[PDB]
2 protein chains.
Amino acid sequence: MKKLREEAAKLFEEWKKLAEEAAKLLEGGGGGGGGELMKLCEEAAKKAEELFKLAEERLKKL
Amino acid sequence: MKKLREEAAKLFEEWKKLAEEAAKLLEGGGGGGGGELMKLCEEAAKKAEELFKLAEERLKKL
């Protein structure tokens, strides 16, 4: 929440955002073989989330 | 490359795309503690890439 650092926080905001739509759309009726298979797609938000947690430490003051 | 399935291929196209800009921007001057730390961000394209490979099998005809 400084001024230029917080700008990086928003960057990750879109990463998890697109994952929401791309998720419901992905299985919207294109191809389904296994649950774990598609799980790799949602994992994108899982990883970015882990770092997104500490990313706030250097960005804002939790 | 069917008609509706290929639509899912483009979805992943943006995932790896944003990762390109968000990468150079992330380290544009916001915070740097460790290499592996930021590596978690680029990993997003690594995972989506793995599935993006086979995703073409059910989509188009490689």
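Residues numbered from 1 in each chain as written, not as in the entry; some residues may be left out. Chains lettered and ligands numbered in written order. Heavy atoms only, no water.

For this entry, the PDB record names solution NMR as the structure determination method.

For chain A, the name recorded in the PDB entry is Four-Alpha-Helix Bundle. In the PDB, the structure is listed with the title "Four-Alpha-Helix Bundle with Designed Anesthetic Binding Pockets II: Halothane Effects on Structure and Dynamics".

A. Highlighting the overall build of chain A. A count of helices and strands for chain A gives two helices and zero strands. Against the compact-globule benchmark of 11 Å for 62 residues, chain A has a radius of gyration of 15 Å, which places it well outside the compact range. Expressed as lengths along the three principal axes of its C-alpha atoms, the size of chain A is roughly 45 × 15 × 15 Å. Looking at chain A as a whole, 31% of its 62 residues are labelled buried. Approximately 4,600 Å² of chain A is accessible, and the part contributed by carbon and sulfur atoms is 51%. Counting 14 positive and 14 negative side-chain charges, chain A places the averaged centre of each group 7 Å from the other. (Helix = DSSP H or I, 4+ residues; strand = E, 2+ residues; numbered from the N terminus. Rg over C-alpha atoms; globule rule 2.2 N^0.38 Å. Buried < 20%, exposed > 50% of the residue type's maximum accessible area, 1.4 Å probe, protein only. Areas by Shrake-Rupley, 256 points an atom, 1.4 Å probe, with all protein chains shown as cover. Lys, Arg positive; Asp, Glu negative; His and termini not counted. Charge placed at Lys NZ, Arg CZ, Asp CG, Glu CD.)

B. The arrangement of the interface of chain B and chain A in detail. With 22 residues of chain B at the interface, the matching set in chain A holds 22 residues. Counting across the interface, chain B meets chain A through zero salt bridges. Summed over the shared surface of chain B and chain A, the number is four residue pairs in polar contact. Elements with a minimum of two residues in the side of chain B that touches chain A: helix 1 (6-26) and helix 2 (35-59) of chain B. Sort the elements by how many residues they give to the side of chain B that touches chain A and helix 1 of chain B lands first, with nine residues. (Contact = heavy atoms within 4.5 Å. Salt bridge = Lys/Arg side-chain N within 4 Å of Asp/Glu carboxyl O. Polar contact = N/O pair within 3.5 Å; in protein donor to acceptor, adjacent residues only side chain to side chain.)

C. Just the relation of the copies chain B and chain A, in detail. When chain B is brought onto chain A, the operation consists of a screw motion whose angular component is 180° and whose axial shift is 0.0 Å, with 0.0 Å RMSD remaining. The transformation just described matches what one would write down for a two-fold rotation axis. In terms of proximity to the rotation axis, the leading residue of chain B is B:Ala44, whose C-alpha is 2.5 Å off the axis. An overlap of 100% is found between the interface residues of chain B and their copies at the interface of chain A, pointing to a shared contact surface. (Least-squares fit on C-alpha atoms.)

D. Highlighting the packing of helix 1 (residues 6-26) of chain A against helix 2 (residues 35-59) of chain A. All names here are of chain A. Running from amino to carboxyl end, helix 1 crosses helix 2 at an angle of 160°, the nearest separation of the two axes being 10 Å. In terms of orientation, helix 1 lies roughly antiparallel with respect to helix 2. Relative to helix 2, helix 1 is oriented so that their crossing is left-handed. Mapping the contact onto sequence places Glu6, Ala8, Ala9, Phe12, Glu13, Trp15, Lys16, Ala19 and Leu26 in helix 1 and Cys41, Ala45, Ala48, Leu51, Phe52, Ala55 and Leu59 in helix 2. In terms of residue class, the contact of helix 1 with helix 2 is built from 13 nonpolar, no polar and three charged. (Axes fitted to C-alpha atoms, helices over the stretch in contact; angles between N-to-C directions. Parallel < 35°, antiparallel > 145°, perpendicular 65-115°, else oblique. Left-handed = near helix turned anticlockwise from the far one by under 90°. Nonpolar A, V, L, I, M, F, W, Y, C, P; charged D, E, K, R; others polar.)

E. Region of the structure containing the side chain of B:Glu56. Residue and element names in this part refer to chain B. Among the structural elements, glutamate 56 can be located in helix 2. Within the buried set, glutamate 56 has no salt-bridge partner at all; the shortest N-O distance to an opposite charge, 4.7 Å, is to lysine 60. For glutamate 56, the contacting residues outside a window of four places in its chain are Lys61 and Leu62.

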